[PDB]
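Commentary on secondary and tertiary structure
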There are 2 protein chains.
Amino acid sequence: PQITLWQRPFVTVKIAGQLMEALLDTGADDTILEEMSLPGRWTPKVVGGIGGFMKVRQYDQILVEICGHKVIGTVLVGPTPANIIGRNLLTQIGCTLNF
Amino acid sequence: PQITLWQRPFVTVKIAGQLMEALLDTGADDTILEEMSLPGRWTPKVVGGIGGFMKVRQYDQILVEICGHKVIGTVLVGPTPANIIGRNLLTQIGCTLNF
Ligand SMILES: CCOP(=O)(COc1ccc(C[C@H](NC(=O)O[C@H]2CO[C@H]3OCC[C@H]32)[C@H](O)CN(CC(C)C)S(=O)(=O)c2ccc(OC)cc2)cc1)OCC
C-alpha cells in the first residue's frame with residue numbers, strides 16, 4: 001500500500017494469535033506494544049521518549065504479521081499509550097517514506 | 001526523494017534563519033523542535049508520549065523549509081530529545097509511507 005498522512009497510519013497486526021492496531025512510526029527505532037500476554041523469556045530494558053522514560057520487557061525473535069506480511073524481530077511490551085511499529089520491523093516490510 | 005528506514009529519517013530543516021536536523025516522524029501528530037529562539041507570541045500546551053508529558057510553547061503559522069520545500073504550520077518548542085517533523089507538516093510536503 002501507499003498511505004497518506006492526513007490521519008494516523010494504523011495497520012492491523014497479529015502477534016501470538018492476538019489482533020491489534022499499531023502505528024507505522026518512522027520516528028521509533030523500536031517496536032513497542034501495549035500490555036499483552038506473550039510467552040517465553042525476556043530482558044528488562046527502559047525506553048526513552050517525549051516525557052522521559054518507560055520500563056519495558058524485551059522479547060526477541062517474535063513473529064509479527066503486519067498487514068498479513070510476516071516479520072520476525074524484537075518486540076518491547078509495556079505501558080505505551082499507542083502500539084508502535086518501529087524501524088526494526090518497518091525495514092522488513094520494505095517500508096519507505098516518499099516526499 | 002524515497003528514503004529507506006535502516007537509519008533514522010533525518011532531514012535538514014531551516015526555521016527562522018536557523019538550520020537543524022529533524023526526524024520525519026509518521027507517529028507524531030505534531031512538529032516539536034528543541035529549545036530554539038522563535039518570535040513572537042505563543043500559547044502554552046503540553047504534549048504526551050512514551051514516558052509521560054512535556055510542557056511546550058505553541059507557535060502558529062511558522063514557515064519551515066524541509067529539504068528546501070516550504071511549508072507553514074504549527075511548531076511546538078520545548079525540551080524534546082529530538083527535533084520531530086509530525087503529520088501536520090508531513091502532509092504539506094506530500095509525504096507518504098510505501099510498504
Ligand atoms: C528522553 C531522551 O530519550 P530519547 O531516546 C527519545 O528521543 C525521541 C523521542 C521521541 C521520538 C518520536 C516518538 N518515538 C518514540 O517514542 O520512539 C521510542 C521507541 O523507539 C525509540 O526510538 C527513539 C525514541 C524511542 C514518536 O515518533 C512520536 N510520539 C510517540 C508515540 C506516541 C508514537 S511522540 O513523540 O511522543 C509525540 C509527537 C507529537 C505529538 O503531538 C501530538 C505527540 C506525541 C523520537 C526520538 O533520545 C534519543 C536521542
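Residues numbered from 1 in each chain as written, not as in the entry; some residues may be left out. Chains lettered and ligands numbered in written order. Heavy atoms only, no water.

Its PDB record attributes the structure to X-ray crystallography, giving the resolution as 2.05 Å.

1. Concerning the pairing of strand 6 (residues 52-66) of chain A
Residues and elements named next belong to chain A. Where strand 2 (residues 10-15) and strand 6 come together, two bridges link them in antiparallel fashion. Bridge pairing in strand 6 places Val-13 opposite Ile-66. As paired elements, strand 5 (residues 43-49) and strand 6 share seven bridges and run antiparallel to each other. Its bridge partner lying in strand 6, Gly-48 is registered against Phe-53. Where strand 5 folds back on strand 6, the antiparallel hairpin that results is connected by two residues, among which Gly-51 adopts a positive phi of roughly 90 degrees. Looking at chain direction, strand 6 and strand 7 (residues 69-77) are connected through eight bridges and run antiparallel. (Pairing = 2+ DSSP bridges. Helix = DSSP H or I, 4+ residues; strand = E, 2+ residues; numbered from the N terminus.)

2. Observations concerning the sheet that holds strand 1 (residues 2-3) of chain A
The antiparallel open sheet is built from four strands, whose spatial order is 1(A)-9(B)-9(A)-1(B). Bordering the open sheet on either side are strand 1 of chain A together with strand 1 (2-4) of chain B, each of which pairs with just one other strand. Note that strand 9 (residues 96-98) of chain A and strand 1 of chain B share three bridges and pair antiparallel. Opposite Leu-97 of chain A, over in strand 1 of chain B, you have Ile-3 of chain B as the bridge partner.

3. Regarding the site of the ligand
Lining the immediate environment of the ligand, one finds 24 residues, of which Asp-25 and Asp-29 of chain A together with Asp-25, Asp-30 and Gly-48 of chain B sit closest. Separating an oxygen atom of the ligand from a backbone N or O atom of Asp-29 of chain A is a distance of 2.9 Å. Interatomic distance of 3.5 Å between a backbone N/O atom of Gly-48 of chain B and an oxygen atom of the ligand. Summarising the interface, the protein chains cover 80% of the accessible area of the ligand, which totals 940 Å² for the free molecule. Contributions of two or more residues to the shell around the ligand are made by strand 5 of chain A together with strand 5 (43-49) of chain B. (Near = heavy atom within 4 Å. Polar contact = N/O pair within 3.5 Å; in protein donor to acceptor, adjacent residues only side chain to side chain. Areas by Shrake-Rupley, 256 points an atom, 1.4 Å probe, with all protein chains shown as cover.)

4. Some words on the interface of chain B and chain A
On the chain A side, the residues contacting the 39 residues of chain B number 39 residues. The contact between chain B and chain A buries some 3,600 Å² in all, and 62% of this surface belongs to carbon and sulfur atoms. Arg-8 of chain A is paired through a salt bridge with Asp-29 of chain B; the nearest N and O atoms lie 2.8 Å apart. Listing elements by their share of the side of chain B that touches chain A, those giving two or more residues are strand 1, strand 3 (18-24), strand 5, strand 6 (52-66), helix 1 (87-90) and strand 9 (96-98) of chain B. In terms of residue class, the side of chain B that touches chain A is made up of 21 nonpolar, 14 polar and four charged. Pairing between strand 9 of chain A and strand 9 of chain B: three bridges, direction antiparallel. For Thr-96 of chain A, the partnering residue across the bridge sits in strand 9 of chain B and is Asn-98 of chain B. (Contact = heavy atoms within 4.5 Å. Buried area = accessible area lost by both parts, 1.4 Å probe. Salt bridge = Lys/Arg side-chain N within 4 Å of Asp/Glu carboxyl O. Nonpolar A, V, L, I, M, F, W, Y, C, P; charged D, E, K, R; others polar.)

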